[PDB]
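Text of coords15.txt, listed as compact mmCIF, C-alpha atoms and all ligand atoms:
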```txt
# COMPACT_ATOMS: atom_id res chain seq x y z
CA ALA A 48 -1.48 4.78 14.63
CA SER A 49 -3.68 3.88 11.68
CA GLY A 50 -3.94 0.43 10.17
CA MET A 51 -2.92 -0.08 6.57
CA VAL A 52 -3.77 -3.04 4.31
CA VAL A 53 -2.87 -3.91 0.72
CA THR A 54 -5.10 -6.23 -1.26
CA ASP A 55 -4.89 -7.74 -4.67
CA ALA A 56 -6.91 -5.93 -7.31
CA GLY A 57 -8.64 -9.00 -8.72
CA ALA A 58 -10.99 -11.82 -7.69
CA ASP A 59 -12.45 -10.60 -4.38
CA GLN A 60 -9.42 -8.60 -3.23
CA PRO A 61 -7.46 -10.96 -0.93
CA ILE A 62 -5.20 -9.26 1.64
CA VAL A 63 -1.50 -9.39 0.72
CA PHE A 64 -0.05 -7.08 3.43
CA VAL A 65 -1.05 -5.48 6.74
CA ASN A 66 0.93 -3.18 9.02
CA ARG A 67 1.37 -3.56 12.78
CA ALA A 68 -1.37 -1.01 13.68
CA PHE A 69 -3.85 -3.20 11.77
CA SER A 70 -3.17 -6.01 14.30
CA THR A 71 -3.41 -3.54 17.21
CA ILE A 72 -6.79 -2.21 16.03
CA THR A 73 -8.37 -5.47 14.85
CA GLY A 74 -6.88 -8.07 17.16
CA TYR A 75 -5.81 -10.24 14.19
CA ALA A 76 -2.26 -11.33 13.46
CA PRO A 77 -1.06 -10.75 9.83
CA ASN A 78 -0.95 -14.46 9.05
CA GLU A 79 -4.58 -14.93 10.24
CA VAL A 80 -5.82 -12.49 7.57
CA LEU A 81 -3.52 -12.98 4.56
CA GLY A 82 -5.46 -14.32 1.55
CA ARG A 83 -8.87 -13.21 2.95
CA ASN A 84 -11.33 -10.50 1.93
CA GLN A 85 -11.54 -7.76 4.61
CA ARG A 86 -15.32 -8.27 5.02
CA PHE A 87 -14.57 -10.59 7.99
CA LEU A 88 -14.33 -7.31 10.00
CA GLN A 89 -18.11 -6.80 9.53
CA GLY A 90 -20.93 -8.15 11.61
CA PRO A 91 -24.65 -7.85 12.34
CA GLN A 92 -24.69 -4.15 13.33
CA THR A 93 -22.63 -3.11 10.29
CA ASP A 94 -24.69 -0.74 8.07
CA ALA A 95 -25.67 -2.65 4.90
CA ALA A 96 -25.94 0.55 2.84
CA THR A 97 -22.33 1.42 3.77
CA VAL A 98 -21.21 -2.07 2.73
CA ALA A 99 -23.08 -1.62 -0.58
CA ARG A 100 -21.28 1.69 -1.24
CA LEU A 101 -17.92 -0.07 -0.59
CA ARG A 102 -18.91 -2.95 -2.89
CA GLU A 103 -19.77 -0.64 -5.80
CA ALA A 104 -16.68 1.57 -5.37
CA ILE A 105 -14.27 -1.38 -5.28
CA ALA A 106 -15.90 -2.99 -8.32
CA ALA A 107 -15.40 0.31 -10.25
CA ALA A 108 -11.89 0.83 -8.75
CA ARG A 109 -12.90 4.21 -7.32
CA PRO A 110 -11.57 5.68 -4.03
CA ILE A 111 -14.02 5.67 -1.14
CA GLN A 112 -14.10 6.75 2.49
CA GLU A 113 -16.67 5.47 5.03
CA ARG A 114 -17.17 5.28 8.78
CA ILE A 115 -18.14 1.65 9.26
CA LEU A 116 -18.85 -0.51 12.27
CA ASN A 117 -16.40 -3.39 12.50
CA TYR A 118 -15.47 -6.09 14.97
CA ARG A 119 -12.23 -7.22 16.50
CA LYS A 120 -11.20 -10.87 16.35
CA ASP A 121 -12.69 -11.32 19.88
CA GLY A 122 -16.03 -9.76 18.79
CA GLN A 123 -15.48 -6.30 20.30
CA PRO A 124 -17.07 -3.61 18.11
CA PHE A 125 -15.16 -0.55 16.93
CA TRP A 126 -15.94 2.28 14.54
CA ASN A 127 -13.53 2.23 11.61
CA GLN A 128 -12.81 5.40 9.68
CA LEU A 129 -11.87 3.58 6.45
CA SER A 130 -10.19 5.05 3.34
CA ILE A 131 -9.67 2.82 0.25
CA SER A 132 -7.68 3.86 -2.82
CA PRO A 133 -6.81 1.95 -6.04
CA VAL A 134 -3.13 1.82 -6.93
CA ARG A 135 -2.68 2.37 -10.68
CA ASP A 136 0.27 2.23 -13.03
CA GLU A 137 0.80 5.04 -15.54
CA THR A 138 -1.28 3.26 -18.21
CA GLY A 139 -4.19 3.14 -15.68
CA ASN A 140 -4.07 -0.61 -14.81
CA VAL A 141 -5.14 -1.23 -11.18
CA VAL A 142 -2.22 -3.07 -9.49
CA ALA A 143 -3.73 -3.28 -5.99
CA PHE A 144 -5.94 -1.55 -3.45
CA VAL A 145 -4.69 0.21 -0.31
CA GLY A 146 -6.87 0.61 2.77
CA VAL A 147 -6.35 2.79 5.83
CA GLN A 148 -8.23 2.08 9.08
CA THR A 149 -8.54 4.43 12.05
CA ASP A 150 -10.34 3.37 15.23
CA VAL A 151 -12.51 6.40 16.00
CA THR A 152 -14.52 4.76 18.81
CA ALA A 153 -14.63 6.51 22.18
CA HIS A 154 -13.89 3.23 23.98
CA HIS A 155 -13.15 4.54 27.50
CA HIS A 156 -14.81 7.99 27.95
CA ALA B 48 2.71 -6.27 -15.15
CA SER B 49 3.96 -3.37 -13.05
CA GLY B 50 5.93 -3.77 -9.88
CA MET B 51 4.58 -2.35 -6.65
CA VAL B 52 6.45 -1.66 -3.40
CA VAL B 53 5.24 -0.37 -0.03
CA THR B 54 7.65 1.31 2.39
CA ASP B 55 7.29 2.77 5.86
CA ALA B 56 6.92 6.57 5.96
CA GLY B 57 9.85 7.34 8.28
CA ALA B 58 13.31 5.96 9.17
CA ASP B 59 14.64 6.06 5.58
CA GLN B 60 11.58 4.26 4.12
CA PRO B 61 12.39 0.52 4.46
CA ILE B 62 10.51 -1.85 2.16
CA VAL B 63 7.73 -3.75 3.88
CA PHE B 64 6.01 -5.32 0.87
CA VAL B 65 6.66 -6.12 -2.80
CA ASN B 66 4.43 -7.81 -5.36
CA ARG B 67 5.36 -10.61 -7.82
CA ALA B 68 6.12 -8.31 -10.79
CA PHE B 69 8.68 -6.43 -8.64
CA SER B 70 10.72 -9.65 -8.59
CA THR B 71 10.14 -10.27 -12.32
CA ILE B 72 11.44 -6.77 -13.15
CA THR B 73 14.31 -6.47 -10.68
CA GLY B 74 15.51 -10.07 -10.16
CA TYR B 75 15.34 -9.75 -6.34
CA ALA B 76 13.21 -11.95 -4.16
CA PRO B 77 11.08 -10.38 -1.37
CA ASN B 78 13.39 -11.69 1.36
CA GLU B 79 16.40 -9.98 -0.27
CA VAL B 80 14.81 -6.50 -0.18
CA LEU B 81 12.52 -6.24 2.89
CA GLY B 82 13.86 -3.70 5.37
CA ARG B 83 16.09 -1.93 2.79
CA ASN B 84 15.70 1.46 1.10
CA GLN B 85 14.77 1.17 -2.58
CA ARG B 86 17.92 3.10 -3.64
CA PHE B 87 19.81 -0.23 -3.96
CA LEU B 88 18.24 -0.39 -7.45
CA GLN B 89 20.36 2.59 -8.56
CA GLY B 90 23.87 2.31 -9.98
CA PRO B 91 26.69 4.10 -11.82
CA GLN B 92 24.68 5.73 -14.67
CA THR B 93 21.62 6.68 -12.53
CA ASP B 94 20.90 10.42 -13.06
CA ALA B 95 21.78 12.34 -9.86
CA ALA B 96 19.25 15.13 -10.53
CA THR B 97 16.45 12.56 -10.82
CA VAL B 98 17.49 11.05 -7.50
CA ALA B 99 17.43 14.51 -5.88
CA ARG B 100 13.90 15.16 -7.23
CA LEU B 101 12.78 11.89 -5.62
CA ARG B 102 14.58 12.76 -2.38
CA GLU B 103 12.77 16.09 -2.17
CA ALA B 104 9.34 14.64 -3.05
CA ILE B 105 9.64 11.92 -0.40
CA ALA B 106 10.75 14.44 2.27
CA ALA B 107 7.63 16.53 1.44
CA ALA B 108 5.34 13.51 0.89
CA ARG B 109 4.55 14.83 -2.60
CA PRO B 110 3.54 12.51 -5.51
CA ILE B 111 6.17 12.23 -8.19
CA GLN B 112 6.86 10.28 -11.39
CA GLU B 113 10.33 9.78 -12.83
CA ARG B 114 11.92 7.67 -15.56
CA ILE B 115 15.05 6.47 -13.72
CA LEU B 116 17.86 4.11 -14.69
CA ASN B 117 17.94 1.15 -12.32
CA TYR B 118 19.76 -2.19 -12.21
CA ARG B 119 18.58 -5.77 -11.91
CA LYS B 120 20.19 -7.97 -9.26
CA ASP B 121 22.46 -9.39 -12.00
CA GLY B 122 23.65 -5.81 -12.81
CA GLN B 123 21.70 -5.35 -16.08
CA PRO B 124 20.45 -1.71 -16.55
CA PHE B 125 16.74 -1.12 -17.09
CA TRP B 126 14.59 2.02 -17.40
CA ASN B 127 12.16 2.23 -14.48
CA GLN B 128 9.01 4.30 -15.03
CA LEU B 129 8.54 4.98 -11.33
CA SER B 130 5.55 6.61 -9.59
CA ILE B 131 5.54 7.33 -5.84
CA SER B 132 2.50 8.33 -3.78
CA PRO B 133 2.12 8.91 0.00
CA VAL B 134 -0.57 6.96 1.84
CA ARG B 135 -2.35 9.18 4.40
CA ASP B 136 -4.96 8.74 7.08
CA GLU B 137 -8.00 11.04 7.12
CA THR B 138 -6.23 13.56 9.40
CA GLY B 139 -3.29 13.86 6.92
CA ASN B 140 -0.61 11.75 8.67
CA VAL B 141 1.61 9.83 6.23
CA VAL B 142 1.27 6.08 7.04
CA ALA B 143 3.43 4.65 4.19
CA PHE B 144 4.63 5.23 0.64
CA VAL B 145 3.60 3.25 -2.42
CA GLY B 146 5.81 2.94 -5.47
CA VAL B 147 4.83 1.54 -8.86
CA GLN B 148 7.56 0.37 -11.25
CA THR B 149 7.10 -0.23 -14.96
CA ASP B 150 10.04 -1.52 -17.04
CA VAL B 151 9.94 0.77 -20.12
CA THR B 152 13.47 -0.05 -21.48
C1 LIG A 201 -7.99 -2.36 0.51
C2 LIG A 201 -9.31 -2.71 1.15
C3 LIG A 201 -9.52 -2.56 2.50
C4 LIG A 201 -10.76 -2.82 3.10
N1 LIG A 201 -10.88 -2.62 4.46
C5 LIG A 201 -12.04 -2.82 5.01
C6 LIG A 201 -12.20 -2.63 6.42
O1 LIG A 201 -11.26 -2.26 7.15
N2 LIG A 201 -13.43 -2.91 6.95
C7 LIG A 201 -14.51 -3.32 6.19
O2 LIG A 201 -15.62 -3.48 6.77
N3 LIG A 201 -14.37 -3.53 4.87
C8 LIG A 201 -13.21 -3.28 4.30
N4 LIG A 201 -13.07 -3.49 2.93
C9 LIG A 201 -14.29 -3.85 2.19
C10 LIG A 201 -14.57 -5.31 2.07
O3 LIG A 201 -13.38 -6.05 1.75
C11 LIG A 201 -15.60 -5.51 0.95
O4 LIG A 201 -15.00 -5.03 -0.29
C12 LIG A 201 -16.96 -4.85 1.19
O5 LIG A 201 -17.59 -5.46 2.30
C13 LIG A 201 -17.92 -4.91 0.01
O6 LIG A 201 -17.95 -6.23 -0.47
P1 LIG A 201 -19.06 -7.26 -0.09
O7 LIG A 201 -20.50 -6.76 -0.14
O8 LIG A 201 -18.91 -8.31 -1.16
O9 LIG A 201 -18.75 -7.75 1.34
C14 LIG A 201 -11.83 -3.28 2.31
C15 LIG A 201 -11.62 -3.45 0.94
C16 LIG A 201 -10.40 -3.21 0.34
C17 LIG A 201 -10.25 -3.41 -1.14
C1 LIG A 202 7.79 3.71 -2.10
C2 LIG A 202 9.14 4.05 -2.72
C3 LIG A 202 9.55 3.40 -3.85
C4 LIG A 202 10.76 3.70 -4.50
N1 LIG A 202 11.11 2.98 -5.63
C5 LIG A 202 12.29 3.30 -6.17
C6 LIG A 202 12.71 2.61 -7.33
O1 LIG A 202 12.03 1.73 -7.85
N2 LIG A 202 13.92 2.98 -7.88
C7 LIG A 202 14.68 4.02 -7.38
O2 LIG A 202 15.77 4.27 -7.98
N3 LIG A 202 14.32 4.67 -6.28
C8 LIG A 202 13.15 4.37 -5.71
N4 LIG A 202 12.77 5.05 -4.59
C9 LIG A 202 13.59 6.19 -4.13
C10 LIG A 202 14.74 5.84 -3.20
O3 LIG A 202 14.26 4.99 -2.20
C11 LIG A 202 15.22 7.14 -2.53
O4 LIG A 202 14.14 7.82 -1.84
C12 LIG A 202 15.85 8.09 -3.57
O5 LIG A 202 17.05 7.52 -4.08
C13 LIG A 202 16.23 9.46 -3.05
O6 LIG A 202 16.80 9.35 -1.76
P1 LIG A 202 18.36 9.29 -1.50
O7 LIG A 202 19.14 10.55 -2.01
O8 LIG A 202 18.38 9.26 0.00
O9 LIG A 202 18.84 8.02 -2.14
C14 LIG A 202 11.56 4.73 -3.95
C15 LIG A 202 11.14 5.38 -2.77
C16 LIG A 202 9.96 5.05 -2.13
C17 LIG A 202 9.55 5.81 -0.90
```
Kindly return the structure encoded in the file as structure tokens.
Amino acid sequence: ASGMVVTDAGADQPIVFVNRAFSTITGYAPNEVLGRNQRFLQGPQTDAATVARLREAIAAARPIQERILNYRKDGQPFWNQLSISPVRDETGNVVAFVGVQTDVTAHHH
Amino acid sequence: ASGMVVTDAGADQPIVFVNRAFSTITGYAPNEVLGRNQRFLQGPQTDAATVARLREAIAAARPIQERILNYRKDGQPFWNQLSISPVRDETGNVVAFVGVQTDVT
């Protein structure tokens, strides 16, 4: 099951919703992450160029997909196949962002 | 400001999230709508053909826009410029649906 998050469109994109699979993948309960920017999933081995691409895409409200190294609440690394899309109304205003997270790590084999 | 709703993909698409503007437009609070199908916004003069077009697009996970007559909690009719999009993972599975509601009355 893939994680899904909704964030606000404005002012550093606080989380406003996560699905159950997001908790399964990340180790965080919904109420521990509401109101926060998703960058808390990053850590020292996260690729800075990837993060830069995300930063520029979100600022421009452009869809973006990346495979990014993230970290569970407990510190356990996982590779995140991440897809972010703006949600627009019919006059083009960005209402929110949606993010999908798939854990693509081979954890056990 | 436009309303936004997120539903689950299966099991008759219950609401799992609404934004502030959804409540401004519709008169329902989040707690009144979570877990329900969005069709509670329809009423007596809602166009049946429009509803069927939405039904088919959701079943096929196809994006669709309709101008549909809906009803505020207090029963007042309003024209809903509605856009629905599937949310997919990178292998194509539908994870959720997103709806965007503009009151264009
Ligand atoms: C909807 C949404 C979901 C996001 N999900 C993730 C994620 O799962 N993992 C991640 O490392 N960053 C994720 N981000 C990106 C970070 O929140 C942040 O935008 C990125 O690190 C670039 O900003 P920064 O350089 O200011 O940290 C997400 C962003 C948005 C808008
Ligand atoms: C994300 C999402 C948002 C929806 N928003 C609305 C809405 O604002 N108004 C509406 O009349 N129907 C809306 N619908 C459509 C109804 O939920 C339902 O799918 C439609 O009436 C056709 O199905 P039915 O014949 O089973 O009722 C939405 C559906 C989804 C999946």
(request) Would you kindly return, as number ranges by chain, each protein, DNA or RNA residue with an atom no farther than 12 Å from any atom of residue B:79, considering all atoms listed in the file and excluding same-chain residues fewer than 2 positions away? (result) B: 62-65, 69-70, 73-77, 81-85, 87, 120
Only C-alpha atoms, please: the residues just picked out, written as an mmCIF file, in the coordinates of the input.
```cif
data_model
loop_
_atom_site.group_PDB
_atom_site.id
_atom_site.type_symbol
_atom_site.label_atom_id
_atom_site.label_comp_id
_atom_site.auth_asym_id
_atom_site.auth_seq_id
_atom_site.Cartn_x
_atom_site.Cartn_y
_atom_site.Cartn_z
ATOM 1 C CA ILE B 62 10.510 -1.850 2.160
ATOM 2 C CA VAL B 63 7.730 -3.750 3.880
ATOM 3 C CA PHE B 64 6.010 -5.320 0.870
ATOM 4 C CA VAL B 65 6.660 -6.120 -2.800
ATOM 5 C CA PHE B 69 8.680 -6.430 -8.640
ATOM 6 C CA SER B 70 10.720 -9.650 -8.590
ATOM 7 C CA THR B 73 14.310 -6.470 -10.680
ATOM 8 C CA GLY B 74 15.510 -10.070 -10.160
ATOM 9 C CA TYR B 75 15.340 -9.750 -6.340
ATOM 10 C CA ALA B 76 13.210 -11.950 -4.160
ATOM 11 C CA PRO B 77 11.080 -10.380 -1.370
ATOM 12 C CA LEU B 81 12.520 -6.240 2.890
ATOM 13 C CA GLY B 82 13.860 -3.700 5.370
ATOM 14 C CA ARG B 83 16.090 -1.930 2.790
ATOM 15 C CA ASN B 84 15.700 1.460 1.100
ATOM 16 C CA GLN B 85 14.770 1.170 -2.580
ATOM 17 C CA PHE B 87 19.810 -0.230 -3.960
ATOM 18 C CA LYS B 120 20.190 -7.970 -9.260
#
```
Give me the residues near stretch 70-80 of chain A as a short mmCIF file (atom, residue, chain, number, x, y, z; two decimals) with C-alpha atoms, keeping the file's coordinate frame, where near means some atom within 12 Å (using all atoms listed in the file) and where sequence neighbours in that chain fewer than 2 positions away do not count.
```cif
data_model
loop_
_atom_site.label_atom_id
_atom_site.label_comp_id
_atom_site.auth_asym_id
_atom_site.auth_seq_id
_atom_site.Cartn_x
_atom_site.Cartn_y
_atom_site.Cartn_z
CA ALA A 48 -1.48 4.78 14.63
CA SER A 49 -3.68 3.88 11.68
CA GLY A 50 -3.94 0.43 10.17
CA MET A 51 -2.92 -0.08 6.57
CA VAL A 52 -3.77 -3.04 4.31
CA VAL A 53 -2.87 -3.91 0.72
CA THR A 54 -5.10 -6.23 -1.26
CA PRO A 61 -7.46 -10.96 -0.93
CA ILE A 62 -5.20 -9.26 1.64
CA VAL A 63 -1.50 -9.39 0.72
CA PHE A 64 -0.05 -7.08 3.43
CA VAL A 65 -1.05 -5.48 6.74
CA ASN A 66 0.93 -3.18 9.02
CA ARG A 67 1.37 -3.56 12.78
CA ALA A 68 -1.37 -1.01 13.68
CA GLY A 82 -5.46 -14.32 1.55
CA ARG A 83 -8.87 -13.21 2.95
CA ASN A 84 -11.33 -10.50 1.93
CA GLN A 85 -11.54 -7.76 4.61
CA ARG A 86 -15.32 -8.27 5.02
CA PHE A 87 -14.57 -10.59 7.99
CA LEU A 88 -14.33 -7.31 10.00
CA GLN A 89 -18.11 -6.80 9.53
CA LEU A 116 -18.85 -0.51 12.27
CA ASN A 117 -16.40 -3.39 12.50
CA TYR A 118 -15.47 -6.09 14.97
CA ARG A 119 -12.23 -7.22 16.50
CA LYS A 120 -11.20 -10.87 16.35
CA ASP A 121 -12.69 -11.32 19.88
CA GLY A 122 -16.03 -9.76 18.79
CA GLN A 123 -15.48 -6.30 20.30
CA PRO A 124 -17.07 -3.61 18.11
CA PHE A 125 -15.16 -0.55 16.93
CA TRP A 126 -15.94 2.28 14.54
CA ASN A 127 -13.53 2.23 11.61
CA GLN A 128 -12.81 5.40 9.68
CA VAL A 147 -6.35 2.79 5.83
CA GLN A 148 -8.23 2.08 9.08
CA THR A 149 -8.54 4.43 12.05
CA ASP A 150 -10.34 3.37 15.23
CA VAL A 151 -12.51 6.40 16.00
CA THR A 152 -14.52 4.76 18.81
CA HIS A 154 -13.89 3.23 23.98
#
```
(message) Using all atoms listed in the file for the distances, tell me which of B:134, B:100, B:105, B:58 is nearest to ligand LIG 201 (chain A).
(response) B:134
(message) If I take atom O2 of ligand LIG 201 (chain A) and atom CA of residue A:91, how far is one from the other in Å, to one decimal?
(response)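 Computed distance, atom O2 of ligand LIG 201 (chain A) to atom CA of residue A:91, equals 11.5 Å.
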(request) Enumerate residues in contact with ligand LIG 202 (chain A): an atom-to-atom distance of at most 9 Å, counting all atoms listed in the file. Format the result as a PyMOL selection string. (result) chain B and resi 50-56+59-62+69+73+83-90+93+95+97-106+108+115-118+127-133+143-149
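Computed from the coordinates, the atom CA of residue A:131 to atom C12 of ligand LIG 201 (chain A) distance equals 10.6 Å.
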(message) Considering only C-alpha atoms, can you say which of B:71, B:92, B:138, B:152 comes closest to chain A?
(response) B:138
(request) For atom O1 of ligand LIG 201 (chain A) and atom CA of residue B:66, quote the distance in Å rounded to one decimal. (result)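 Calculated distance between atom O1 of ligand LIG 201 (chain A) and atom CA of residue B:66 is 20.8 Å.
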(message) Which residue is closest to chain B? Choose from A:99, A:145, A:153, A:56 and count only C-alpha atoms.
(response) A:145
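If only C-alpha atoms are the atoms counted, then among A:134, A:96, A:60, A:156 the closest residue to chain B is A:134.
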(message) I need the residue nearest chain A from this list: B:107, B:141, B:96, B:72. Use all atoms listed in the file for the distance.
(response)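 Ranked by minimum distance to chain A, first place goes to B:141.
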Centre and size of axis-aligned box enclosing stretch 126-142 of chain B plus 6 Å each side, as AutoDock Vina command-line options:
```
--center_x 3.3 --center_y 7.9 --center_z -4.0 --size_x 34.6 --size_y 23.8 --size_z 38.8
```
(request) Using all atoms listed in the file, pick whichever of A:109, A:114, A:102, A:155 has the shortest atom-to-atom distance to ligand LIG 201 (chain A). (result)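 Between A:109, A:114, A:102, A:155, the residue approaching ligand LIG 201 (chain A) most closely is A:102.
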(request) Could you pull out every residue with an atom within 8 Å of (2.2, -11.5, -12.7), file coordinates, counting only C-alpha atoms, and send them as a count of residues only? (result) 3
Quick one: stretch 133-155 of chain A with N, CA, C and O atoms, as a PDB file, in the coordinates of the input?
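Output saved as out26.pdb:
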```
ATOM      1  N   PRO A 133      -7.494   2.773  -5.048  1.00  0.00           N
ATOM      2  CA  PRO A 133      -6.810   1.950  -6.040  1.00  0.00           C
ATOM      3  C   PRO A 133      -5.375   2.446  -6.232  1.00  0.00           C
ATOM      4  O   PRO A 133      -5.112   3.653  -6.127  1.00  0.00           O
ATOM      5  N   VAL A 134      -4.482   1.509  -6.485  1.00  0.00           N
ATOM      6  CA  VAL A 134      -3.130   1.820  -6.930  1.00  0.00           C
ATOM      7  C   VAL A 134      -3.057   1.516  -8.419  1.00  0.00           C
ATOM      8  O   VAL A 134      -3.336   0.393  -8.818  1.00  0.00           O
ATOM      9  N   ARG A 135      -2.748   2.540  -9.235  1.00  0.00           N
ATOM     10  CA  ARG A 135      -2.680   2.370 -10.680  1.00  0.00           C
ATOM     11  C   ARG A 135      -1.263   2.600 -11.184  1.00  0.00           C
ATOM     12  O   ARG A 135      -0.493   3.389 -10.625  1.00  0.00           O
ATOM     13  N   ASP A 136      -0.941   1.930 -12.281  1.00  0.00           N
ATOM     14  CA  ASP A 136       0.270   2.230 -13.030  1.00  0.00           C
ATOM     15  C   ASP A 136      -0.020   3.389 -13.990  1.00  0.00           C
ATOM     16  O   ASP A 136      -1.130   3.945 -13.994  1.00  0.00           O
ATOM     17  N   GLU A 137       0.986   3.830 -14.742  1.00  0.00           N
ATOM     18  CA  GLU A 137       0.800   5.040 -15.540  1.00  0.00           C
ATOM     19  C   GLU A 137      -0.084   4.804 -16.766  1.00  0.00           C
ATOM     20  O   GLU A 137      -0.564   5.773 -17.350  1.00  0.00           O
ATOM     21  N   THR A 138      -0.346   3.552 -17.134  1.00  0.00           N
ATOM     22  CA  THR A 138      -1.280   3.260 -18.210  1.00  0.00           C
ATOM     23  C   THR A 138      -2.682   2.998 -17.648  1.00  0.00           C
ATOM     24  O   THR A 138      -3.560   2.584 -18.406  1.00  0.00           O
ATOM     25  N   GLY A 139      -2.884   3.242 -16.338  1.00  0.00           N
ATOM     26  CA  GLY A 139      -4.190   3.140 -15.680  1.00  0.00           C
ATOM     27  C   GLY A 139      -4.598   1.751 -15.178  1.00  0.00           C
ATOM     28  O   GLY A 139      -5.716   1.606 -14.695  1.00  0.00           O
ATOM     29  N   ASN A 140      -3.775   0.713 -15.340  1.00  0.00           N
ATOM     30  CA  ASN A 140      -4.070  -0.610 -14.810  1.00  0.00           C
ATOM     31  C   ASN A 140      -4.074  -0.532 -13.281  1.00  0.00           C
ATOM     32  O   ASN A 140      -3.157   0.037 -12.707  1.00  0.00           O
ATOM     33  N   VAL A 141      -5.077  -1.141 -12.633  1.00  0.00           N
ATOM     34  CA  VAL A 141      -5.140  -1.230 -11.180  1.00  0.00           C
ATOM     35  C   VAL A 141      -4.263  -2.401 -10.758  1.00  0.00           C
ATOM     36  O   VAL A 141      -4.545  -3.534 -11.145  1.00  0.00           O
ATOM     37  N   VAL A 142      -3.220  -2.117  -9.958  1.00  0.00           N
ATOM     38  CA  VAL A 142      -2.220  -3.070  -9.490  1.00  0.00           C
ATOM     39  C   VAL A 142      -2.616  -3.698  -8.146  1.00  0.00           C
ATOM     40  O   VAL A 142      -2.159  -4.805  -7.808  1.00  0.00           O
ATOM     41  N   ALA A 143      -3.371  -2.917  -7.353  1.00  0.00           N
ATOM     42  CA  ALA A 143      -3.730  -3.280  -5.990  1.00  0.00           C
ATOM     43  C   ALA A 143      -4.734  -2.266  -5.448  1.00  0.00           C
ATOM     44  O   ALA A 143      -5.008  -1.254  -6.060  1.00  0.00           O
ATOM     45  N   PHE A 144      -5.239  -2.534  -4.247  1.00  0.00           N
ATOM     46  CA  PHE A 144      -5.940  -1.550  -3.450  1.00  0.00           C
ATOM     47  C   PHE A 144      -5.218  -1.362  -2.119  1.00  0.00           C
ATOM     48  O   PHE A 144      -4.618  -2.310  -1.614  1.00  0.00           O
ATOM     49  N   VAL A 145      -5.231  -0.124  -1.618  1.00  0.00           N
ATOM     50  CA  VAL A 145      -4.690   0.210  -0.310  1.00  0.00           C
ATOM     51  C   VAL A 145      -5.850   0.672   0.557  1.00  0.00           C
ATOM     52  O   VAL A 145      -6.723   1.431   0.094  1.00  0.00           O
ATOM     53  N   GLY A 146      -5.841   0.248   1.816  1.00  0.00           N
ATOM     54  CA  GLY A 146      -6.870   0.610   2.770  1.00  0.00           C
ATOM     55  C   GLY A 146      -6.206   1.145   4.031  1.00  0.00           C
ATOM     56  O   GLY A 146      -5.153   0.654   4.418  1.00  0.00           O
ATOM     57  N   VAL A 147      -6.778   2.228   4.558  1.00  0.00           N
ATOM     58  CA  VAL A 147      -6.350   2.790   5.830  1.00  0.00           C
ATOM     59  C   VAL A 147      -7.541   2.742   6.794  1.00  0.00           C
ATOM     60  O   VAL A 147      -8.645   3.196   6.453  1.00  0.00           O
ATOM     61  N   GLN A 148      -7.237   2.310   8.028  1.00  0.00           N
ATOM     62  CA  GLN A 148      -8.230   2.080   9.080  1.00  0.00           C
ATOM     63  C   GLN A 148      -7.851   2.886  10.325  1.00  0.00           C
ATOM     64  O   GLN A 148      -6.741   2.741  10.834  1.00  0.00           O
ATOM     65  N   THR A 149      -8.762   3.737  10.778  1.00  0.00           N
ATOM     66  CA  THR A 149      -8.540   4.430  12.050  1.00  0.00           C
ATOM     67  C   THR A 149      -9.667   4.040  12.986  1.00  0.00           C
ATOM     68  O   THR A 149     -10.805   4.220  12.630  1.00  0.00           O
ATOM     69  N   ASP A 150      -9.325   3.634  14.213  1.00  0.00           N
ATOM     70  CA  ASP A 150     -10.340   3.370  15.230  1.00  0.00           C
ATOM     71  C   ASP A 150     -10.782   4.697  15.855  1.00  0.00           C
ATOM     72  O   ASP A 150     -10.019   5.350  16.581  1.00  0.00           O
ATOM     73  N   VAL A 151     -12.012   5.103  15.564  1.00  0.00           N
ATOM     74  CA  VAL A 151     -12.510   6.400  16.000  1.00  0.00           C
ATOM     75  C   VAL A 151     -13.556   6.211  17.108  1.00  0.00           C
ATOM     76  O   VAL A 151     -14.358   7.105  17.362  1.00  0.00           O
ATOM     77  N   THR A 152     -13.621   5.010  17.678  1.00  0.00           N
ATOM     78  CA  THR A 152     -14.520   4.760  18.810  1.00  0.00           C
ATOM     79  C   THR A 152     -14.031   5.502  20.048  1.00  0.00           C
ATOM     80  O   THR A 152     -12.848   5.461  20.347  1.00  0.00           O
ATOM     81  N   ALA A 153     -14.962   6.049  20.832  1.00  0.00           N
ATOM     82  CA  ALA A 153     -14.630   6.510  22.180  1.00  0.00           C
ATOM     83  C   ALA A 153     -14.783   5.346  23.166  1.00  0.00           C
ATOM     84  O   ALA A 153     -15.814   5.205  23.824  1.00  0.00           O
ATOM     85  N   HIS A 154     -13.746   4.500  23.280  1.00  0.00           N
ATOM     86  CA  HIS A 154     -13.890   3.230  23.980  1.00  0.00           C
ATOM     87  C   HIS A 154     -13.995   3.393  25.517  1.00  0.00           C
ATOM     88  O   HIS A 154     -14.508   2.500  26.200  1.00  0.00           O
ATOM     89  N   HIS A 155     -13.445   4.484  26.071  1.00  0.00           N
ATOM     90  CA  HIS A 155     -13.150   4.540  27.500  1.00  0.00           C
ATOM     91  C   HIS A 155     -13.753   5.773  28.187  1.00  0.00           C
ATOM     92  O   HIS A 155     -13.846   5.771  29.410  1.00  0.00           O
TER      93      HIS A 155
END
```
